[PDB]
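Read the structure below first, then the notes.
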Amino acid sequence: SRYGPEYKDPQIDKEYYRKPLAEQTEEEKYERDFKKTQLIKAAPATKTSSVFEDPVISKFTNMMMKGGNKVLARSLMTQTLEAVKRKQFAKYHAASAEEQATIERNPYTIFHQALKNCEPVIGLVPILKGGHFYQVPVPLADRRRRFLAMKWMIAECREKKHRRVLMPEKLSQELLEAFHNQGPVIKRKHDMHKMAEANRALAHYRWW
Amino acid sequence: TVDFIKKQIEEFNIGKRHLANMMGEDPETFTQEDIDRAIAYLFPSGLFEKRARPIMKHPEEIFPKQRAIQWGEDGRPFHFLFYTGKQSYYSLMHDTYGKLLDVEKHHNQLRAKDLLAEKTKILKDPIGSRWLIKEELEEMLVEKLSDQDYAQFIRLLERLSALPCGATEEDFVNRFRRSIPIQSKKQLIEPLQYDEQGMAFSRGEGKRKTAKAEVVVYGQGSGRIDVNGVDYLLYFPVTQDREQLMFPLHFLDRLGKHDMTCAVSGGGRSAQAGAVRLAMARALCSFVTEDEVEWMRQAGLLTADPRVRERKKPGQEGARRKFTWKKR
Amino acid sequence: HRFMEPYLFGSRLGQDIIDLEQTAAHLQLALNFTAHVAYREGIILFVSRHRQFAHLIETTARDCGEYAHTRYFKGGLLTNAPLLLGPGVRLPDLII
Amino acid sequence: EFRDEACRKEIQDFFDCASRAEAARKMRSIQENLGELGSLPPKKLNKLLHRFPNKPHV
RNA sequence: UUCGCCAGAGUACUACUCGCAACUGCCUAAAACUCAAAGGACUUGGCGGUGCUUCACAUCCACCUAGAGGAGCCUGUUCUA
RNA sequence: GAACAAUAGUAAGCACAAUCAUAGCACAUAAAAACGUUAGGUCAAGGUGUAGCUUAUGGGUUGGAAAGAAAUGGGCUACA
Ligand SMILES: [K+]
Ligand SMILES: [K+]
Ligand SMILES: [K+]
Ligand SMILES: [Mg+2]
Ligand SMILES: [Mg+2]
Ligand SMILES: [Mg+2]
Ligand SMILES: [Mg+2]
Ligand SMILES: [Mg+2]
Ligand SMILES: [Mg+2]
Ligand SMILES: [Mg+2]
Ligand SMILES: [Mg+2]
Ligand SMILES: [Mg+2]
Ligand SMILES: [Mg+2]
Ligand SMILES: [Mg+2]
Ligand SMILES: [Mg+2]
Ligand SMILES: [Mg+2]
Ligand SMILES: [Mg+2]
Ligand SMILES: [Mg+2]
Ligand SMILES: [Mg+2]
Ligand SMILES: [Mg+2]
Ligand SMILES: [Mg+2]
Ligand SMILES: [Mg+2]
Ligand SMILES: [Mg+2]
Ligand SMILES: [Mg+2]
Ligand SMILES: [Mg+2]
Ligand SMILES: [Mg+2]
Ligand SMILES: [Mg+2]
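Chains as they are written, first to last, in full-length UniProt numbering: chain A, 35 to 242; chain B, 70 to 397; chain C, 98 to 193; chain D, 60 to 117.
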């Protein structure tokens with residue numbers, strides 16, 4: 035790490051600076067940020083103040099990347115959002131009056147909602163006691179649950195897809211499947227709940 | 070070693086006269102800085118250690134401070150605390166404690182007389198006052214100290230400084246005061262330059278990951294950037310790279326109010342894109358008010374990126390990765 | 098203490114009372130002995146490891162012109178004098 | 060059938076308990092050292108005892 | 001003041017002998033032979049599947065990414081020659 | 001052989017530290033890392049103790065050191 039302990043993470047949100055007069059405690063926070071003369075790290079290349087970005091997209095885009103092809107990973111994430119948009123637009127056209135104002139045509143809304151349904155609620159961690167390993171359920175933290183949902187999405191669409199079907203279209207199908215709570219990822223989430231509920235009497239082993 | 074110092078003093082003055090004689094200058098004003106530049110010329114030592122170069126200075130500054138003789142011919146110690154081992158430190162402690170009692174006695178008398186003419190002068194924040202460092206204190210008492218002894222002495226001064234302050238005590242205390250240099254993170258705003266009927270154009274310099282960017286921004290044109298004689302869209306096909314150039318302008322809501330031409334060399338597509346981003350941030354400080362310049366720093370625009378590629382160690386596959394380690 | 102029994106006049110309700118008649122006899126010789134070693138140009142050191150009269154004893158020695166040591170006593174001070182103080186050091190001729 | 064379509068009330072409390080247990084676990088260690096429950100920490104008692112040591116000998 | 005016991009270690013709470021409601025028993029108790037030591041207490045170090053407290057930022061667990069062991073080829077050992 | 005509201009330790013040498021290099025500082029990385037441990041590796045870099053050879057364990061010329069049943073380590077290219 036070329037940054038010393040004094041350097042801190044920069045603040046990028048423009049709206050945080052343009053309307054500071056409506057609050058007092060937050061004003062004391064950033065006025066002392068430079069009054070303490072604390073050094074600020076350089077702005078990361080990925081994050082930007084553009085209003086069209088989203089933090090959950092960047093993390094998902096990074097995991098899709100293999101090697102160092104950020105261009106290819108960004109290209110795949112662009113097509114997948116387009117592919118989802120095309121399918122929802124077509125379904126909207128062929129619908130009745132009541133069905134028309136039900137379909138969502140916002141890929142970002144679909145993407146955010148899809149991952150919030152693939153996150154497990156309670157995980158498992160092996161614990162060694164008496165020379166044997168017992169799968170003990172634990173209340174997984176929010177960051178772990180969010181990361182675990184993304185990994186399951188990538189793992190499924192990389193392994194059990196056909197060789198002919200492209201990556202952007204295969205991932206688009208699973209997002210719609212997870213949006214309706216019927217995708218194989220949702221099945222895997224329930225399977226982890228099945229094992230956690232089966233070993234509900236082993237929760238006493240953990241010591242935290 | 071009093072005489073040895075005296076011999077060094079007289080010959081250094083004689084030696085300085087010879088140096089001025091051969092240098093052909095005025096010996097009456099052969100200052101130490103002139104001596105250093107003369108020595109560095111006559112004896113051109115190429116060495117990286119700054120302390121290993123030839124030197125000829127005042128022997129008082131060169132030789133370390135020496136303890137004086139502590140006893141007379143009959144053996145009687147001159148000071149009354151010589152048998153405590155550390156006479157200088159404890160005498161300072163004895164005097165410091167005595168001042169506190171005198172202040173307490175003086176304050177007690179003032180309370181009896183119902184007068185409070187003293188004020189707390191401990192607060193020297195605008196001057197930037199800090200207490201003596203242990204190393205500096207050891208060079209003032211000419212005696213070695215310890216961490217426990219130093220902490221006790223400083224805390225005693227705080228008790229002395231927290232009481233009502235007299236004129237004599239403040240002179241005593243201020244000998245232990247040190248002033249920090251000026252601390253500030255404000256940047257120097259480059260004044261606008263006008264050239265050949267050209268109005269409001271500023272220049273910036275940026276560098277990131279083996280890529281230097283030269284950006285000059287005109288405040289009288291429309292929104293366009295000309296990098297290396299070609300349009301920026303053609304030069305930066307990647308959407309992310311063109312997002313980097315947007316980041317400074319979009320933060321100030323001046324996307325279309327400036328005409329720029331750039332010249333960046335070296336590095337890849339992202340290195341140049343980051344370099345041009347840095348150069349615009351520094352070059353745009355002239356057109357922007359001072360308050361938003363601080364906002365620019367808090368967002369990380371104005372700080373150079375120190376992350377550079379590391380070397381490859383001899384005996385490893387890469388910068389950190391080592392070969393496979395077969396245990397058996 | 099067991100060795101202070103002869104010097105005790107008695108005990109008053111569990112509180113020992115020191116016989117001042119023996120104190121006066123001892124103090125008379127102590128002051129007489131102290132002056133004579135000072136008359137002959139002798140070094141006198143005041144030693145007292147008590148954190149209530151350290152300043153008073155330190156100031157007392159300054160007025161008399163003699164030396165005092167009411168601080169922490171180093172291990173090799175009086176025995177290994179040449180290393181602690183200096184090459185040639187005159188040891189004190191009396192300690193109080 | 061292992062679906063949280065009707066278990067929202069229970070799921071949130073489980074998250075709330077996890078956060079509540081997390082908060083108490085990650086703050087007990089620091090404050091308990093100097094809280095002292097009215098009795099001085101072991102470091103202070105050691106210094107106090109050294110000033111008035113016990114005398115087995117003499 | 002008085003009684004009992006002790007004369008290197010192993011052989012040995014053993015062999016033989018006297019007494020015993022004991023009969024695979026108890027008490028009494030050697031030698032041949034072997035060794036130049038056996039033994040009591042202590043000091044430092046190492047170690048402990050001993051306890052208490054604290055800690056592993058490539059790290060032991062929990063946990064992240066990319067690989068080796070599977071195939072061809074290149075090269076280096078062992079064995080075969 | 002230590003107790004800082006200090007109870008026998010003291011000042012120097014080597015090492016750590018600081019400094020230097022990577023052309024600003026900082027951070028990071030290099031570089032450094034004593035006394036010892038493993039009779040660790042190297043008589044085949046070279047030198048050399050001791051032991052051995054001296055028309056031979058020395059010197060030169062010509063030709064030739066093949067081959068992989070099989071096992072394994074570290075790698076490159078892949079299994080899209
Ligand atoms: K030990
Ligand atoms: K291999
Ligand atoms: K040899
Ligand atoms: Mg690599
Ligand atoms: Mg005997
Ligand atoms: Mg025997
Ligand atoms: Mg028996
Ligand atoms: Mg028997
Ligand atoms: Mg590892
Ligand atoms: Mg590979
Ligand atoms: Mg293989
Ligand atoms: Mg092989
Ligand atoms: Mg040191
Ligand atoms: Mg440097
Ligand atoms: Mg460093
Ligand atoms: Mg190294
Ligand atoms: Mg170093
Ligand atoms: Mg060997
Ligand atoms: Mg080995
Ligand atoms: Mg060998
Ligand atoms: Mg040889
Ligand atoms: Mg050989
Ligand atoms: Mg030889
Ligand atoms: Mg031959
Ligand atoms: Mg194999
Ligand atoms: Mg290797
Ligand atoms: Mg290829």
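Even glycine gets a Cβ: it sits at the ideal position worked out from N, Cα and C.
*Buried or exposed for residue 238/B, please, with buried defined as at least 16 other CB atoms from any protein chain shown within 10 angstroms of its CB.*
buried
_Extract the residue ranges of the alpha helix (DSSP H) inside the region 124-160 of chain B, only unbroken runs of 4 or more that lie entirely within it._
128-131
_Can you tell me whether residue 155/A is helix, strand or coil according to DSSP?_
coil
*Look at the alpha carbon of residue 363/B and the alpha carbon of residue 167/A, and state the distance between them as a whole number of angstroms.*
In a straight line, the C-alpha of residue 363/B is about 56 Å away from that of residue 167/A.
*Find out if the Cβ-Cβ distance for the pair residue 212/A, residue 220/A is shorter than 8 Å.*
Taking 8 Å as the cut-off, the Cβ atoms of residue 212/A and residue 220/A count as close.
*Compare the beta carbon distance of residue 325/B and residue 275/B with 8 Å and say whether it is the shorter of the two.*
no
*Between the C-alpha atoms of residue 277/B and residue 75/A, what's the straight-line distance to the nearest angstrom?*
13 Å
*Since residue 175/C sits in a beta bridge, which residues does DSSP pair it with?*
DSSP, once it has assigned bridges, lists no residue as partnering residue 175/C.
*Is residue 84/D helix, strand or coil by DSSP?*
helix
*Is the beta carbon of residue 334/B less than 8 Å from the beta carbon of residue 281/B?*
Contact flag set, yes.
*Which residue comes first and which comes last in the alpha helix (DSSP H) that contains residue 202/A?*
201-213
_Contact list for the region 76-99 of chain D against chain A, Cβ threshold 7 Å_ = 77 and 84
*Would you decide whether residue 137/C is buried or exposed? Buried here means 16 or more other CB atoms lie within 10 Å of its CB.*
exposed
*With a threshold of 16 other CB atoms inside 10 Å of the CB of residue 116/A, please say whether the residue is buried or exposed.*
exposed
*What residues in the region 162-173 of chain C bring their beta carbon closer than 9 Å to a beta carbon of chain B?*
162, 163, 164, 165, 166, 167, 168, 169, 170 and 171
*Mind the definition here: the region 369-376 of chain B touches the region 75-86 of chain A only if three or more C-beta pairs lie below 8 Å; say whether that holds.*
yes
*Can you tell me whether DSSP reads residue 134/A as helix, strand or coil?*
Three-state DSSP puts residue 134/A in a helix.
*With DSSP collapsed to three states, give me the class of residue 281/B.*
In this structure, residue 281/B counts as strand in the three-state DSSP scheme.
*asked:* 8 Å is my cut-off, CB to CB: does residue 94/A come that close to chain B?
replied: no
*Beta carbon of residue 240/A nearer than 8 Å to that of residue 170/A*: Taking 8 Å as the Cβ cut-off, residue 240/A and residue 170/A qualify as a contacting pair.
*asked:* So residue 189/C contacts chain B; which residues on that side make the cut at Cβ distance below 8 Å?
replied: 152
*On a CA-only basis, which of 186/B, 290/B and 130/B is nearest residue 267/B? Give me that one, please.*
290/B
*Which residue spans inside the region 289-321 of chain B form an unbroken beta strand (DSSP E) run of at least 3?*
If we require 3 residues or more, the beta strand (DSSP E) runs fully inside the region 289-321 of chain B come out as 293-296.
*Proximity test, Cβ basis, 8 Å: residue 73/D and chain A*: yes
*chain C beta carbons: is any one of them nearer than 8 Å to that of residue 163/B?*
Closer than 8 Å: yes.
*Limits of the unbroken alpha helix (DSSP H) element including residue 76/B*: Following the DSSP letters along the chain, one finds residue 76/B inside the alpha helix (DSSP H) bounded by residues 71-92.
*Pick out the complete beta strand (DSSP E) segments inside the region 181-242 of chain B, 3 residues or longer, and give them in chain order.*
198-200
*Please name the residue or residues paired with residue 107/C in a DSSP beta bridge.*
114/C
*Proximity of residue 245/B and residue 214/B at Cβ, strictly below 8 Å*: no
*With DSSP collapsed to three states, give me the class of residue 264/B.*
strand
*Ordered along the chain, which non-local residues of its own chain (more than five positions away) have a Cβ less than 8 Å from that of residue 91/A?*
111, 142 and 145
*CB residue 211/B to CB residue 106/B, shorter than 8 Å?*
no
*Out of 191/B, 113/B and 220/B, which has the shortest C-alpha to C-alpha gap to residue 162/B?*
Ranking 191/B, 113/B and 220/B by CA distance to the CA of residue 162/B puts 220/B first.
*For residue 169/A, which beta-bridge partners are listed by DSSP?*
160/A
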